[PDB]
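In structure tokens, one chain follows: the form deposited in one PDB entry.
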């Protein structure tokens, strides 16, 4: 909600030379730095992002590399009048894209054919060669204990309190009920991290967060991998962990996993790194949701979501049960 309709309209007119007659702010949003609007002209619809991050230029750098590489399953930004993929403004950055109406994977299942196409495209991304100038700017997999420590710092905080409101209490209670599994996730991630032999030579370009929510499933063959904010250099397992990973209660049907590899190309998958990620990723979520639900912070309009998502992870056939089900790797 930084600017208003008629304010974005002028900014798009001045910097993009586009004549928009209607623009609406969109809900959801990543949070903090991340606003999204739908702006329409007489003939087209645009999806506008007003970012406030730092890596936006290096990430645009990655889709620029992917577009050069011939990957069509990505939404290429719209050029500013200065031939740039983004317009640097006073306090924020503008990034326009054409508007894609397809629903994400949490709502639309992929057909066997689309599953093959996703495997084919992920392989393409992984096989993509990255210029050393970009590799030096991309974060690398260093198996940081950062999130495991934060979750542990929670261990000794889940105790009855009078200052906590209903939400905080319900969270501590839920935490206590699943304390065993929570420690197991942290311990298994820590354990597996030491069992892994870091071989920088086997690191490929990874999306790092390619679950169903980051896939727009259009008609057919018109699917799109979005959310290119965390690309990194790491083992391919960083991304393969999602196939059959169960994020969002989908992508948890074993028979689709084969459809996927049909296009990715059945190859050797390190079952240990693949298991590490499935555990570590949940540890990260526990840590992020945990901090939000404990800080108490009033401006936390997110606590509601954080709690819902937190518990969502422990549901039947969701990410926790799938990570624990080693026989699925």
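Superpose the two forms; the largest set of C-alphas matching within 1.5 Å is the rigid core. Residue numbers count along the first chain shown, from 1.
Absent from the display: the form deposited in another entry. The rest refers to it.
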In 56, 285, 270, 262, the 2 Å or greater C-alpha shift between this form and the one not shown, rigid core superposed, occurs only at 56
Superpose on the rigid core, then tell me if the C-alpha of residue 69 is displaced by 2 angstroms or more between this form and the one not shown. no
In that other deposited form the CA atoms of residue 56 and residue 226, compared with here and shifted by at least 3 Å, lie farther
Per the comparison in that other deposited form, the residue 250 and residue 32 C-alpha atoms (change 3 Å or more) are positioned closer
